[PDB]
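> This one's experimental. Sequence and coordinates below.
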Amino acid sequence: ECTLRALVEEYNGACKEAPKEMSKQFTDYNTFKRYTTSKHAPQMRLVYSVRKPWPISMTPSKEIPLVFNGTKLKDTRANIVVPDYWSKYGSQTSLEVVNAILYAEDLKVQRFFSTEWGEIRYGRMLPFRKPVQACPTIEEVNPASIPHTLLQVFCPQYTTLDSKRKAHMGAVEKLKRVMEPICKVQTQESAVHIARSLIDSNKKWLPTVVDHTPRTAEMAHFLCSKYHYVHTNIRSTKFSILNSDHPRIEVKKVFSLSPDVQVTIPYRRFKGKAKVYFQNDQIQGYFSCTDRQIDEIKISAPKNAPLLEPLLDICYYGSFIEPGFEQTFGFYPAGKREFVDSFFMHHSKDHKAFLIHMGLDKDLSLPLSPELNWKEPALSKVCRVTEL
Amino acid sequence: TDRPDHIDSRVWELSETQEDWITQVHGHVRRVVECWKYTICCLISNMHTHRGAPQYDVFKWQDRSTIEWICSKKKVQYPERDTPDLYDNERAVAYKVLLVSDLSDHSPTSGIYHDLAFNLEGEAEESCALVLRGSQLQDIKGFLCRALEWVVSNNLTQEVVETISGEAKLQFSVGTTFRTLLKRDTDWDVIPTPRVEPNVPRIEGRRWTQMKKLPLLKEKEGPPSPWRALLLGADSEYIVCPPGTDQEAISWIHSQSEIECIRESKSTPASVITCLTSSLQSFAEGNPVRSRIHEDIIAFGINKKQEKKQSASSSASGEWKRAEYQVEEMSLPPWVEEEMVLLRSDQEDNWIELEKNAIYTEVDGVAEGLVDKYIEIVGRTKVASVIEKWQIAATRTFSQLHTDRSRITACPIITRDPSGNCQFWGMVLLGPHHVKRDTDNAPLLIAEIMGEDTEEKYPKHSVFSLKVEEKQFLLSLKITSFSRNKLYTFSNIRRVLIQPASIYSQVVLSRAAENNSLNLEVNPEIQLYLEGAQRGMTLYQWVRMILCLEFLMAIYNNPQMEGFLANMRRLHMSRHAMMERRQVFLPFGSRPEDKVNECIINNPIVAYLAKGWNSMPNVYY
Amino acid sequence: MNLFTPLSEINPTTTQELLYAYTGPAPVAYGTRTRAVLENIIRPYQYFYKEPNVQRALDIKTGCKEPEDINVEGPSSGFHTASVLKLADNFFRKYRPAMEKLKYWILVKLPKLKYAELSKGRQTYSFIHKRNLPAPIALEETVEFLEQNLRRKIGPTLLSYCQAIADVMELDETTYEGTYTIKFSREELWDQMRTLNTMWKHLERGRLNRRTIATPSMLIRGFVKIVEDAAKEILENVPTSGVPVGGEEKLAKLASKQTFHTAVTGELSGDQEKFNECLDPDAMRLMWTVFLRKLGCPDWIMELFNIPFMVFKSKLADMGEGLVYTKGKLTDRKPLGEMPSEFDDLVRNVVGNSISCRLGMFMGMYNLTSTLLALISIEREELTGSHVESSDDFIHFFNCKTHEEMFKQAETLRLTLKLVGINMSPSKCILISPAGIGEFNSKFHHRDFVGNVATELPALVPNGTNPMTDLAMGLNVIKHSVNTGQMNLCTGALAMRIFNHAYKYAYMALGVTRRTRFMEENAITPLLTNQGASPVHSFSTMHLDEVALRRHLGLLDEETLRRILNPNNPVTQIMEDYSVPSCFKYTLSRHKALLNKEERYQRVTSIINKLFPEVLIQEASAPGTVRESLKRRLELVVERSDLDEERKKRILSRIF
RNA sequence: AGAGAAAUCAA
RNA sequence: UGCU
């Protein structure tokens, strides 16, 4: 493929032309990417620039230099009128190309002309600015896994297992479907920008008189104001108890950072023996439960499937693993929310606690692997896990 | 921090940029341990092949992308922080080398990969010894023997065992020489520790005084302030011309014109009429560029810098002293009220033609209706025509002031009415401008049409009688140098419509919000403190006066105006507080009027606003 | 001014924006800055003592003073040490949850800070060229200098950068070989590190007298950045900070809260007099040391958090070009100390063209940590009000039960800020007793309404990129102005109309010019806003792109829609999430040794950008050098290809 | 000349 | 050489 030949030639030219710069470290890219001596703003030099004899800096192509006494090409530099000439008596492209060249904009326009606006009413209502998600997204993605989701969408082969783990699945598939044509027609940087704008959850301060849904927050500069308001129109898995000797307790532990400040974060745990049938998409099965340990787990999962998050859901259900329910994470939790999230991030980055709690077996007949994957070859297998 | 003898140069160069060695505890030793592990891996994987491919694929210190590619072909994936050092393709296992001080505590780290245990003297663990060949063990033992003799030569044995026991310890140490430099200009050390018991002293402060009455500003006494602006403002008239382009109108004016001087000012000599007539002719032919003429050195200040430097250096009498600059103090000119009244006069045309935006929702209709009614209120006014003249003049002057031309450029101020007739508001005349910064001043020769001549108001403008088609109009002529930034910001002078629009919009919306109904022709009574008495005008007249006052404040904006407004915002707030029957208290040395009085020197509208402040009830009781 | 104070149908505070100077030129500074900086340096020494004793005052290393030496009448420069200890202890014991976030930042986020973020800054004075340079150039020059002198490769983290900066000062002689053989000593390098480059603050509104600003050198920017992110992390979590991250919601909550009727309310809003020439860095060193010592932080953290301020205690402010001296009508500029002037006490503290100053801060530096020093003073038993302060602007809501207690707490607030040198302005602080009417930052508060008032008018002027993107920025700016409450329905629509008219003019789409006549006989129907066609964006439609809106409304049909969005067009081939690449998405047409380096780095960036898709999404992070990384990536992409083995091996052979 | 305001522009 |  000639693209590889061009890449090799360009690399050789860069090495020969710029030896010292090529010898810099790769991590210095974040420094020398923005290397420019350009120093306000070019808004001043616009009215004069557009009226220059040859403002447009075009590339060598098939453009008529003189049409009806045009003088549109000097051979490059082009006249200001050639952008207008490419709107009539020019070359056209396929309907798929024009449909796929803009996708997010079509979604934003379609949402605007799809809502039944009510009757505008006027009053002394006072808006208070609150942080709400800017625009609707195709999927609910946290602001931390967006780069990893983008890496999985665009460069699946250049990634790491940790990056895949800290990436929202499901959104990747839809993004791939919606951006397979866009990446083909536009540039890589523009494709990345459109993708992030599709999935980014950027909390922006907006006027708020009533609770704004993500749809309403996008169009809020006219819905509400100081004098008027027009009115518009564990994670995913689930659990079910089958045989519980005693009912679930509501014990809570208090964390005392100082004698004057305390927090009450309650953790929910079983007692005696229990059996819960956990269901999550393709993952299904029931596992025996102890006071705080696990006796047996039965899982029915597709071959070579990621089985880390369902087990983390299981661990939170019974407060099984210690380092996230009694022993703090090294810092005083301000509230229950971030404690819930920080548990699922720390214990997803590393899962040593689960392996220590359940133990390791030296045989290979056990299906589940220490990397929390279903039915894969490994040098060792986690114990006390079977299939239905 | 040099390369150990037992470590190859390639290994050291590879290990240089793999981790931040300088900022870790026991640096230059953890790096040596990692180099030991990498060398052990290389010796284990030394030219050994199996099934036509190398038996051992080392993974330590390799790019993550190619590691993932190799692992994908081998049907296995590994995490970032627990990746194996090497993989045994012969029996499909992964091994990571782990130097240990004692071989008794084998301690299998994890089931993902079997470990390889080696001591500091050479002997390996039984599992890793029986899984590998004898030559590999011999080579590793020899390499570890050389490493151990190097260590005991430089007695880092405790450091080596500490690095083996630990994993990573971040640190940042400041040297002894840097410490002496740092503590040159301070009484404490790098880590402050004063020998004082913490306590908050009880200090006896002053008492807070109530603002019983609002402060009175200090009116300044002196000669009345002249009109110092680019254009003539409210005294700006236009000459009707037959429909056509700018060149046709200029040619017609040049053909029908008789120029006689009425008032001559020393600031602008009457001889600079010749260059203006030459510019009229040149623009009439079609080229608005002319060669320099004799009556231009005293018109555009050519060689004035060198001439004035030579004149000043001719005397050179006195002694060096600090440069002291005095700003002349001026009183309130009588013409401020005249301009305010004239700028409110009603014209025939609308003078504000802005394209109406589209309407798709009910909210869009309300906004467009409000904007249309606001434009109707402040459109048929003289101030709108003056704003349009200022915009046209500033834009035409700026468009021709981007190169470094050394020849006179012509930028006529011509506007066109809806019918199509040209309107000669005046003319800007560029001079030789070798501009280099946005703050540099470019010479100009403003020639514009008056409506009334007043020597005190225009001490520098020269007035010439102009006769055009049985009609006689005055003609101003002033020499002015004006900067790039000022021309740019006056090219968008139409932005001044925003503030009166905001006031009108808030009044209308508050009226519509008291009840629940949008009227759009509400004209309430706005009570104001006019001439002391509380007489109220209409909303339409108030917005009209607000626009004129803001336009005057814009073209007369200077540091005095900025400081005056900034320091009077708080006084306006205090006045509102006392209106709301509220008490205002001040600290000991509180003189809020002092911060305002220092900004009143010679600005006309600043003095006018000061008089407006000192035309109000003092005590609100 | 009688027109700006309505008495009915509208409040005087509602007409407060008429007291602004949006339109009209902004003040600009002319000539030398020496006089301004010299008057800025003298103030810390004049106000140190009750009576002006500058000559004796130029002997004080630490601004610590005694309670009886504090000037309760005028400005006072300096701090009380025991007061700083007690106030820091009080500010740590209270708001303790906000201190664990600092612990998490230090233990986790601090080691992960990259020194590449230093390139996203202002212009930096470079000790190589002795000339203001953009941040990337100064950063790369400093990194190359450190690598040449330390004979080691600097790590990607900011801590490694600071360690390298600390280590380079231990070398007695330093060089920057590379045609050029500039040589430095330890003292010269120290002076370059201490030197602050002063410049005028241009285009500043609201002030009558011009003021100067300074920026740190690259040798101390890493330390300053570390301390400033620490200060930001502390300020983002305390209710007494006017940080923009909080969104100034705190003022809204304080305005909307109710109060027991019998309780006597009150609200003090004012400015701080000479904020940046009264504060002494030693107070901030002491406060930071207390904060990191009561957190149980390691010793090296406490050491690291004191270089930024201890270097500033030895600052060498750049005087400028000199002081103006005149004989007759001729003006000559001379350096300080050449001729008698109004600054002769400071001739001793002259180092070449720089002036030393132990006492006092300077504008443009330590903005965030100055707020912390102004907030520890609030934490006292007597003070029971709510404070919201952002740099030299505060607001206090008193909630006393009696007037005498109100004034006692007001005087306590005035005095406690003077224990560290904050020095609130007597002529700028106004207290309203019955209820809340005041101002903070640019906001104005009256009863339950807090409205944003702009300081500078939104520039309704077209930018210089291209019409398609320019309309996007214009509409985004208008939408942002409306969203902050500064604008509303009619004002927003009028701003849109003005911007649209100027935008049409600036691209020759208005009147009779060459473009519009070119579209006359050629039958080029105007279909876009930049072509002079009817506008398509409405007030409710600032957030949608032009082409998609026109397609949905049937204005660009499909024949023209296909032609203007052709990817093979000759012309082509507050983030702006619009302007799909089209025909009208074009570009216009616009010490010398740095230029060649510019094209070299541009080539390196271009080759990296193609072989590394992941640098577009995440910051680059990979051990090794650029050459090896590119070589291995090329080998990988060759092997990953579907070609046969011989083509791959000859491609690898061609790689060299 | 003038612009201007604490000091520069009129190369 | 054409912004109401």
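Okay, I see it. Numbers count the residues shown, from 1 in each chain, chains lettered A, B, ... in the order given.

> Could you use CA atoms for every contact and neighbour count after this?
OK.

> what residues does the stretch 101-250 of chain C put near RNA strand D?
Contact residues (Cα under 7 Å from any atom of the strand) of the stretch 101-250 of chain C with RNA strand D: C:209, C:210.

> Name the residue of the stretch 101-250 of chain C with the shortest distance to RNA strand D.
residue C:209 (5.4 Å; Cα to the nearest atom of the strand).

> Now do the contacts for the closest residue to that residue other than its chain neighbours.
Nearest residue to residue C:209, sequence neighbours excluded (Cα to Cα, 6 or more residues apart in numbering or on different chains): residue B:559, at 7.3 Å. Residue B:559 sits next to C:26, C:27, C:205, C:206, C:207, C:208, C:209 when contact means Cα atoms under 8 Å, 6 or more residues apart in numbering or on different chains.

> Repeat the analysis, applying 10 Å as the threshold.
Neighbour list for residue B:559: B:565, B:599, B:603, C:25-28, C:204-210 [criterion: Cα atoms under 10 Å, 6 or more residues apart in numbering or on different chains].

> Got a ChimeraX select line for the buried ones in these?
Of the contacts of residue B:559, the buried ones can be selected in ChimeraX as follows, counting by 16 or more other Cα atoms under 10 Å in any protein chain shown:
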select /B:565,599,603 /C:25,26,27,28,204,205,206,207,208,210
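
> Please flag which of the contacts of residue B:559 sit within strands.
Residues of these located in strands (DSSP state E): none.

> In helices, which of the contacts of residue B:559 appear?
Among the contacts of residue B:559, the members falling in helices (DSSP state H) are residue B:565.

> Going by contacts, tell me the helices and strands next to the helix or strand harbouring residue B:149.
Residue B:149 is part of helix B:134-153 when elements are defined by DSSP states H and E. Here helix B:134-153 touches helix B:30-44, strand B:114-118, helix B:126-131, helix B:157-165, going by 3 or more Cα pairs under 10 Å, 6 or more residues apart in numbering or on different chains; DSSP states H and E.

> RNA strand E contacts on chain C?
Near RNA strand E, when you scan chain C using Cα under 7 Å from any atom of the strand, you find C:501, C:502, C:505, C:510, C:511, C:512, C:513.

> possible to save the residues you listed as a markdown table with neighbour count?
What follows is the residues of chain C next to RNA strand E, written out as a markdown table (neighbours: other Cα atoms under 10 Å in any protein chain shown):
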| residue | neighbour count |
| --- | --- |
| C:501 | 23 |
| C:502 | 20 |
| C:505 | 16 |
| C:510 | 18 |
| C:511 | 12 |
| C:512 | 10 |
| C:513 | 11 |
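
> Which of the residues you listed sits closest to residue C:70?
Nearest to residue C:70, judged by Cα to Cα, of these is residue C:502 at 56.6 Å.

> ok, so what distance separates the closest one from chain A?
Distance of residue C:502 to chain A, computed by Cα to the nearest Cα, to the nearest Å: 10 Å.

> For that residue, which non-adjacent residue is closest in space?
residue C:461 (6.5 Å).

> What of residue C:306?
residue C:285 is the one closest to residue C:306 (Cα to Cα, 6+ apart), at 5.8 Å.

> Just confirm the one you found is within a helix.
Yes. Under DSSP: H, G, I helix; E, B strand; the rest coil, residue C:285 falls within a helix.

> Residue B:191 is in contact with that one, correct?
Yes. Counting by Cα atoms under 10 Å, residue C:285 touches residue B:191, with 8.5 Å between them.

> More neighbours: which of these two?
When residue C:285 and residue B:191 are compared for neighbours, residue C:285 comes out ahead with 23 against 17, by other Cα atoms under 10 Å in any protein chain shown.

> who's in contact with that one?
Contact analysis of residue C:285 by Cα under 10 Å, 6+ apart lists B:188, B:190-192, C:291, C:302-303, C:305-310.

> which of those residues lies closest to chain A?
The closest of those to chain A turns out to be residue C:291 (Cα to the nearest Cα; 15.5 Å).

> contacting residues around residue C:84?
Contacts of residue C:84 (Cα under 10 Å, 6+ apart): B:198-200, C:64, C:90, C:283-284, C:286-287, C:290, C:373, C:376-377, C:419-420.

> I only care about the residues you listed that end up buried; give me the ChimeraX line for that.
To isolate the buried members of the contacts of residue C:84 in ChimeraX, using 16+ other Cα under 10 Å:
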select /B:198,200 /C:64,90,283,284,286,287,290,373,376,377,419,420
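
> returning to what we had before: which of the residues of chain C next to RNA strand E lies closest to residue B:381?
residue C:501 (20.4 Å).

> Identify the spatial nearest neighbour of the closest one, chain neighbours not counted.
residue B:354 (6.5 Å).

> Got phi/psi on that neighbour?
Main-chain dihedrals, residue B:354, degrees, to the nearest 10: phi -120, psi 140.

> for residue C:116, same thing?
phi -70, psi -20.

> same deal with the one 3 residues further on?
Recorded main-chain torsions at residue C:119 are phi -70, psi -20, according to degrees, to the nearest 10.

> OK, contacts around residue 225?
Using chain A. Going by Cα under 10 Å, 6+ apart, the list of residues near residue A:225 reads A:122-128, A:207-209, C:482-483, C:485, C:487-489.

> To clarify, I was referring to chain C.
C:113, C:115, C:117, C:118, C:158, C:231, C:308, C:366.

> Out of those, name the ones that lie in helices.
Per DSSP H, the contacts of residue C:225 map to helices at C:158, C:231, C:308.

> what number of residues lie near residue B:29?
20.

> hang on, it packs against residue B:159?
Yes. Using Cα under 10 Å, residue B:29 is in contact with residue B:159, at 7.4 Å.

> where do the contact lists of the two overlap?
residue B:151.

> hey, where'd the strands end up in the stretch 151-300 of chain A?
A:203-206, A:228-229, A:252-258, A:261-266, A:274-280, A:283-289, A:294-298 (DSSP state E, counting those that start in this stretch).

> Give me the distance from the shortest one to the chain's centre.
Think strand A:228-229. 34 Å (Cα atoms, centre = their mean, to the nearest Å).

> what does it rub up against?
Contacts for strand A:228-229 (Cα under 10 Å, 6+ apart): A:118-126, A:209-210, A:222-223, B:363, B:509-510, B:512-513, B:516, C:489.
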